[PDB]
């Protein structure tokens, strides 16, 4: 069964221009807008998810990520984890229910890497736009812009990855799926963690600066959907970082692009199916180009 931390729940990202951020994430990336609160934040979700939101933008003085949240099994689990975080020595903040639209109270804490993490058990279920009886495989939503299927994960850049790993694997019930070994005198330079049987729900890369956001990732259905994402990116003159290709790490096909404010995002699909009983895979530092781009 899936217990404890279930999946990435939402990513709060700030854009320089809200208006063009709204247009981009709704008409280009194909996210479904789901509400706009009094703080000027607009909520989005993938057409296929069931919960109210998974991506929220806020016009800030700068770009980047405010926080990244994870939905847990239930309120009992939430309390349970908050307690384990404090027993571990981390200071937690309990954000009240309602602060975020259609969202319940959440437990927020800061990692050694500088990134703020959130844990919540409640968030209104709006459905995926498809009937609950005799549902079709998809609908027009699937063809609106790129239209990804779910917030798959995000990759953060910050210092002390080892400590971050410990909290995730010893406290949040995560486990190492893959790692990038730094130059001889081993220590993990990059770490891919899962709290399920997905290749990863979140990843971290050793970096001197803290609170850095490499990218938030969105799941696609097939390799042909990755191509189409690429075409859509070009049609909208979206700056692409790395064209359509495969990562060795996770074997996940992907494309890196930038949003109007410079926030990098990813549209990918594929990868194997690790379970908690599996041993992590490792990549040598010198061979990290292949782990990043596999064909190339």
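Residue numbers count along the first chain shown, from 1.
- The PDB entry records a higher mean C-alpha B factor for 177 to 185 than for its counterpart among 75 to 83 and 177 to 185.
- Remark: stretch with higher mean C-alpha B factor among 228 to 236 and 60 to 68 is 60 to 68.
- Highest C-alpha temperature factor among 110, 132, 152, 221 per the entry: 110.
- Comparing C-alpha B-factors across 216, 193, 161, 147 in the deposited entry, the largest value falls on 161.
- The PDB entry assigns residue 124 a C-alpha temperature factor belonging to the middle third of its chain's modelled residues.
- Per the deposited record, the Cα B-factor of residue 206 falls in the highest third when ranked against the other modelled residues of its chain.
- Ranked against the other modelled residues of its chain, the C-alpha B-factor of residue 256 as given in the entry falls in the lowest third.
- Per the deposited record, the Cα B-factor of residue 43 falls in the highest third when ranked against the other modelled residues of its chain.
- Ranked by C-alpha B-factor against the other modelled residues of its chain, residue 276 falls in the lowest third.
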